[PDB]
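Reviewing the structure listed below.
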Ligand SMILES: O=P(O)(O)O[C@@H]1[C@H](O)[C@H](O)[C@@H](OP(=O)(O)O)[C@H](OP(=O)(O)O)[C@H]1O
């Protein structure tokens, strides 16, 4: 028994309509999928590196978003770029300083997929490819405000402000979209046996399995 | 023995959180079973039961030793209420459960051993803290416990018992919380168990047949102990058989019910009569102890059911035996009455003709007044008459057969004689005076006769209650008005008898027809009926003439009431004798009823007011005080009406004199506002003193009434003007005729409704239908007179009559009743048509229309139609009810129409309503949101459209679908992204095009789909816009061109279709313009097919413009569409035809190149009077401030009231009651808060007349250091706690704003005493968490709204909060400065960081601070920015190193914004209001200086210099010094700002 610390490498096991780990398609694809037939908790999938995520603290993207909006006047753009770089440095320093802190229920976190080195993001302005009634979950290198995720309890024996214990089932609720991640039953045409991950109200829960710690 | 750990022998509850249920062990069928009990209570943790208590036993080697528990130890659980031990046994079936939990009798086996498993990381296996979640494992089988949904009591309604089971696999969510149990409950359970065991033994002995004397005495003692325990009253030697309880113990009642004690009581009452004792032998002294035992049992039953529905029903389940044991001296009828007097359901279910006849026979046999009292009580429940029981009792008692049980009365030559019949069938007659005299002497027979007569009168009055004509008609002849008047006027008769006579008079004669409530103020008056001169006598004569009755049959009654009140006030102490208090209350109630029915005159009302004030200066006393206050309010309303009549008479006199002035009319109006209209003879001193004394009472209704009257006393002028502004004259002859017709019809309809019961189940229906039709016709058509008719109806109060008619009871199936109801609904809808006042009046009674029904839905739609005020404030429950009706009853278009009307009103859309409706529709499912997307559904839709080709029925599935599509389009038209996404998913574009392009498609569906596409695809925030880069839109444009060609052909052939014309001229052009006026469409026009479609659109649109049939209204839209399309085509470089291009160029060049007089005079008079009297209104309102500041001067020195007022009791009581009335009277709370703010505010002046009025009123009534003293006094009284509680517990924006303002006024001047009081309250009280949380939430909401805008209530209310914080931290209060940053509580909110983030967001963030600061600081937010800067400066100063460091190193980089505020010029605002810019610069400089006061390190200096470039700083300093033109008439000189900036530069250098 141990608590969840910022910087730990963890795996998420969906236990809802479809049971399986969170995986990402190879190449430069930015789609998160769940493959129930790949493996389970007792028999993890052979390729047990695409399902590993790292917990990171909240980051500030106001200056970066403003710079992107301006880019999409030369002096203003250059100063916005400088401000964005300074904000990135400040975020890196804050991550280094907050490294090793315990994660509490109701707190905002980010999930960095290590193999692709990309933050998991949810876009509230883009419907999902298959389930048109759900929003789109993807992976972004730089990241945006959609990477924020409230780590909410799933069981009633856990309350806000309590430390997260390894092995618990939790809910990852995007701050902006406001609808928990859902492992839909839709199957991708391109890849067989894989199920989509989107953002829509459901009863899905994610079990947190510890793989490595920050001190290790 | 620590109390913070789990110890052996402790009693706890095991609460399964996942199921949210307690673990219980109960006997279901002759066997104990363990389970989880399901509760319907909202709070699952409040479902505490005595059977859920478990005892924890720690297992050690020594059986006599316990000790604190350990996580690694073994535990046993014993059922404290039964003694059984929890254990597990083999599953009989073996589902997933292998073993099922049970309750074994002995706990010496290993099957009852359990061990705990913590759910988290504990501090080693040292101790088990209480109130900690645990998991239970069965050691013997090594299995973990879990819950299941299998009901044990499956073969019953409402299963509540759920089986648990142990499985070999552990579940983490299956955890139990340990809840502590009070020692009071533990002791109560122990006592109940012991009593139940003893009663069971006694019942067993009684059933056996032989009971010893000692056993019987022990049983009697146990019953007495149970009675005392249930009553919860100390045993001080009072008789057990007669105990009065002020507050029943619900916990003890529930324990008695659930421990099977009432069952034992019933067994005791039932066993003897099966024979040890017979009901016919209970009078024997030998069987007297059994009688006492039965009486004790019945007392226990009565005490176990007081104010407890469940216990009442449980006892009523055995009603047969309780009724079979009636009559004998056991007190069974008393229990029966106590049962069926508070529960209406059981009363009507049980009390019937058989019971009434049994009571009648019993009273015939015995003639005990108690039976008549019980009969009277059975007629009324909760002070409300029950028609069924009332009619039954009346028809049984007044039956001529049972005429020997009632005492008859007669008048002889007069004097009153009473005649009765004794049990020996002997007739007796005697005079009332002789009876009373002999009773006073001591004659027991006469006293009993008088008591019997009094109870008979009480029964008659209760039967006649609520206008029971069946009994009133029979009793009136027997007891006339003259007889009752003589009896009540007689003094020798006892006060109780006089009070009974008064009550009978009130409930027999006064409460009848045609007597009805009369409105003191009438808004409609006839010009011909306004006398030139009006006085009190003339007004009284006019009221008498208006009254229908010519001869008053209650004049003697009123005279007697006046004489009695005069006698009462003559005595020094009015409320001394309790017996006389009953008579006084009855007289006051009779006077109140007569006044409200309109039998008094103005002079009589004034005399009664003086008498009642003299009387004024315990429940009966409070009730009579409330009655007196109501009478006073009615008389004040009458006085206001008289003043209005006087003003009307003055206006008429002036108008007639000048047309066969303003100063004269104003002086005449001022004259009455002082002599003869005064409430009292002391010029209001007595009235004010009485109001204050009543406010000083602890009775909440009396305090509220006194406060309301006190507030209304100092607003006579304002209220008079407000009422005079709503006066209608009805000068025209047509208006007079309509007024007469409306009056007659309303009177007839109201009489018919009042006499409803005789025709609801006949010409009455025809009369009602004719009246309704005539009223509907009279309402009129045409806005020219529709407003006049609606105002006349509002003044005549037809809406109340219509609401009463709607509320009339009826039975389903009556077509005529349905028709009249429909007519009433139509009348209400027409009445609420374009009149916001009428709409609000109807909405005030909304609860009536919250029932299923198409008529009700239409009425709601009409009420909410085109009313933004109500549409924006519509409540969530209404929408939830409408959605539930749609889901359950069916799919009806009325609900969709109501939803659309709520969404759109007065053009502007309601974002809240849109979002709420969309969310509700999404959550409802597919049963209300039906779309035809599949092949079969599309075929069905095509078939329906083909069938509806000629037209669409008003109620049809096609109409419902169209309404749903329109509603979704309206919802998506707002500013929500998920709504648009959901709409697109529900209706894919492919389905839209397939439906539209189909040859068989109605124009309504086409228009709905086109509007849906326009509002959900063309205009959206979705980054991936599917409308573009697709051929669906091009196909839709081709269909639009085909439709245009069809319209042109039809117009040429004279087959014009208005629907098609409206569609093409409304939605097609709008969609085309929206599509072609967007940047994303630039790449769309690329392909050759797209170019050809563009050319087709060009030719079609130019042909449409050329065709002359188009109206002038759409010419602008057509021209705009043509210009946009031509611009797009030219940008795309399309080879247009030569003639078409020439015509387009030509079009572009062309485009580029005496009742009226009476009303007017009345309006002018109203305006002049208001303008002249406003200062006097202000002065009169202000006088209340001094009255509340010095309330003790009204009383006389040396009195108890004077001492209480001087000691600040008045203000303390007002403050304490303000919190109590906050929930009830929000308006009164707001008024009290405003009064406190005015009292805390500085004194001012109004003018010569205002000062004269103020000084005169002060003389008549009351025969910065000051502000600080007043603030300290209010703080001592408890204003700070009041404002804190209001802020932390209120939901009303007005209340929150008033609390903030009062706090600001208290903290004004930086009062250290109030600051310390606030700090102490915050640090001590546990509500500081809530206070800071709500402040943080409000600030975050304001920040979010500001960000979205980059105005509004949230943004505006920020400034008061910032001012409050600034005053809180004023004078360098380091304690509060640090507390606002960090709190010692568990959760801390950083208000400094929140304020800095708000400032950064409002200043434009990085883009604003990099040089675009001028585009965000407008003329409205400049004050808020200045206040924020001042608050930040106050935080920084003191100095506060922590706050300075936090602001400097905050992640939001607000220091850059602060520096930009100095180094940048707000160009838009500099050339308009330069002083505000100078103030902003000065505040920024002061904040920067405060950020570095007590700092020796260079961190802050370097951080500031990073943004402050020295060259720019010097340049701005020099510019400020040079600037001198603005100094002209400037509050702040630029030179001072430049000097401050120079000082900052020196410090930074
Ligand atoms: O407010 P009311 O009308 O009295 O109704 C109460 C409550 O709503 C439930 O009916 C019942 O709780 P359960 O669902 O737990 O039976 C309770 O009984 P209780 O006194 O046994 O709690 C009642 O008193």
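Residue numbers (my numbering), protein chains in the order written: chain A, 1 to 216; chain B, 10001 to 11549. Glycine included, C-beta positions come from ideal geometry on N, C-alpha and C.
The set of residues with a C-beta under 6 Å from any non-hydrogen atom of ligand 1 comprises B:10039, B:10040, B:10041, B:10047, B:10254, B:10309, B:10310, given in chain order. For a cut-off of 8 Å, the C-beta gap from residue 10097 (chain B) to residue 10148 (chain B) is around 7 Å, short enough to register as a contact. In this chain, the beta strand (DSSP E) harbouring residue 10165 (chain B) covers 10161-10167.
In the three-state DSSP reduction, residue 206 (chain A) falls in the strand class (E or B). For residue 11405 (chain B), the chain A residues whose C-beta falls within less than 9 Å of its own C-beta are 62, 63, 66, listed in chain order. Residue environment: residue 10166 (chain B) is assigned as buried (16 or more neighbouring CB atoms within 10 Å of its CB, all protein chains considered). Close CB contacts of residue 10101 (chain B) within its chain, under the 6 Å cut and outside five residues either way in sequence, are with 10034, 10088, 10164 (chain order). Residues of the segment 10174-10188 of chain B with a C-beta atom less than 9 Å from some C-beta of chain A are 10175, 10177, listed in chain order.
Listed along chain A are 126, each with a C-beta nearer than 7 Å to that of residue 11024 (chain B). Nearest in C-alpha terms to residue 10915 (chain B), of all of B:10967, B:10950, B:10948, B:10957, is B:10967. Residue 199 (chain A) carries a strand assignment under DSSP once its states are collapsed to helix, strand and coil. Counting along the chain, the unbroken beta strand (DSSP E) around residue 10118 (chain B) starts and ends at 10114-10118. Proximity of residue 157 (chain A) to chain B, defined by a Cβ-Cβ separation below 8 Å, is satisfied.
Between the segment 11129-11138 of chain B and the segment 11105-11118 of chain B, the count of Cβ pairs shorter than 8 Å is below three; the stretches do not touch. If you compare the alpha carbons of A:209, A:30, A:65 with that of residue 129 (chain A), the shortest gap goes to A:30. A contact is defined here as three or more CB-CB pairs under 8 Å, and the segment 11190-11202 of chain B fails this definition with respect to the segment 11214-11226 of chain B. Here residue 10271 (chain B) has 10203, 10206, 10207 as same chain residues with Cβ atoms under 7 Å from its own Cβ, once five neighbours each way along the sequence are excluded.
Between the C-alpha atoms of residue 10012 (chain B) and residue 10022 (chain B) there is a straight-line separation of about 11 Å. Scanning its chain for C-beta atoms nearer than 7 Å, with the 5 sequence neighbours on each side dropped, one finds around residue 10496 (chain B) the residues 10454, 10579, 10582, in chain order. Closest by C-alpha distance to residue 173 (chain A), out of A:131, A:133, A:124, A:165, is A:124. Close CB contacts of residue 11161 (chain B) within its chain, under the 7 Å cut and outside five residues either way in sequence, are with 10655 (chain order). Listed along chain A are 124, 125, each with a C-beta nearer than 8 Å to that of residue 10977 (chain B).
In the DSSP assignment, residue 10147 (chain B) falls within the beta strand (DSSP E) that extends over 10143-10151. Secondary structure of residue 10916 (chain B) (DSSP, three-state): helix. DSSP places residue 11033 (chain B) in the uninterrupted alpha helix (DSSP H) bounded by 11032-11052.
Within the same chain, and ignoring the five residues on either side of residue 10699 (chain B) in sequence, the residues whose Cβ sits closer than 7 Å to its Cβ are 10622.
Under DSSP, residue 10078 (chain B) forms a beta bridge with B:10055, B:10085.
In the three-state reduction of the DSSP assignment, residue 11528 (chain B) falls in the coil class, being assigned neither a helical nor a strand state.
For residue 10710 (chain B), the CB contacts under 6 Å within the same chain, skipping 5 residues up- and downstream, are 10691 in chain order. The alpha-carbon of residue 10349 (chain B) is positioned some 34 Å away from that of residue 10450 (chain B).
Taking one beta carbon from each stretch, the segment 11048-11055 of chain B and the segment 10998-11010 of chain B have fewer than 3 pairs nearer than 8 Å; the two do not touch. The shortest CA-to-CA distance from residue 10929 (chain B) to any of B:10895, B:10907, B:11408 is the one to B:10895. Between residue 10392 (chain B) and residue 10345 (chain B), the C-beta gap is not smaller than 8 Å, which leaves the two residues out of contact. Look at residue 10428 (chain B) here: in three-state DSSP terms it is strand. For residue 173 (chain A), the enclosing beta strand (DSSP E) covers residues 169-174.
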